[PDB]
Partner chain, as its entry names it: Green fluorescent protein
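Just one chain is shown here, as structure tokens, and it is the form deposited without the partner chain.
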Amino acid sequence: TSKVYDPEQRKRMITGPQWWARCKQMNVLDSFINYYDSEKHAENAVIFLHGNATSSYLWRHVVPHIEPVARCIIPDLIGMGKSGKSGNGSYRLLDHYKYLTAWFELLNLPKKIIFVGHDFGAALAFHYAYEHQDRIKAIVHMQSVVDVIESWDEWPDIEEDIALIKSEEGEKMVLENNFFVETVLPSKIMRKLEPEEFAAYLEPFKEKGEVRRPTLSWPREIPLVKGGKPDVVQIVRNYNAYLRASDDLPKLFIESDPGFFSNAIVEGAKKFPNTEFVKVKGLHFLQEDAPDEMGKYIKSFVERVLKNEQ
């Protein structure tokens, strides 16, 4: 089976260099963060968090829809995109969280922040919210790490694949063969990316070896109760319980159709009260198939949240 280019994409296409020229770099702890900042309307802040294999580039066609209503800030996570590397070479969830929260404290953020999370980027937003429950205005999430994996009731039995990624054979798949960037990323986009678009995802991880570590450390953080990292499992248990009780926190979930393990994620997402559910066509990286529909849904949601707090 093959995929085809979107014939109208090249006229709107934003290349890697075009995106990176719109970004800025700032020191954060012992390293630095590359990020996009739309600057205007700073009384609110909408922070977009990518997950594994991607970078701020993922949001490039989504964010213009929201910039007119609120300041939009989009980082490259540490070790990813054009950001600096982690000082100790470690890329666990808490390593990312350490750099991400240090970056927040330098951005002049409002008291209450809006988060937009994908993949493990949503796990970071959820953990931040659990630890700063008075700093959260709204949360948008999608194809997200919503809860632990405790059984195969909703999740397909992925045990054999998890054992693979945790093995030395999985390490070679990532560090030598770039599995998540070269294979998973295009497999989980419906359209075919333009060559320049794939090149922007490939560029941080173009060289073999240890530079690819973040794309191996992320799946090894999976919150599988039996065999997962117990510190990550606890983080996810804690913020899941918080989210299930957060009746007063308005949320938006963008379902992807047919998505990627969608059923398990939706069933977890349904347990969080005050969630508006919308749906777009896509797989895992739904930003690359329905960015304008997503941007419009997010814009209306933010507008509604702002109008009803006032």
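Residue numbers count along the first chain shown, from 1.
We do not show the form deposited with the partner chain bound, though everything after this point is about it.
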| message | I'd like to know if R220 sits close to the partner chain in the bound PDB entry, meaning any non-hydrogen atom pair within 4.5 angstroms. | response | no
| query | Is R304 close to the partner chain in the bound PDB entry, meaning a heavy atom pair under 4.5 Å apart or at it? | reply | no
| request: Using a 4.5 Å heavy atom cut-off, state whether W155 contacts the partner chain in the bound PDB entry. | output: yes
| query | Taking the shortest heavy atom distance, is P258 within 4.5 Å of the partner chain in the bound PDB entry? | reply | yes
| query | Of these, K192, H132, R237, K229, which has a heavy atom no more than 4.5 Å from the partner chain in the bound PDB entry? | reply | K192
| task | Pick the stretch from 134-142, 201-209, 183-191, 83-91 whose residues have a heavy atom within 4.5 Å of the partner chain in the bound PDB entry. | result | 183-191
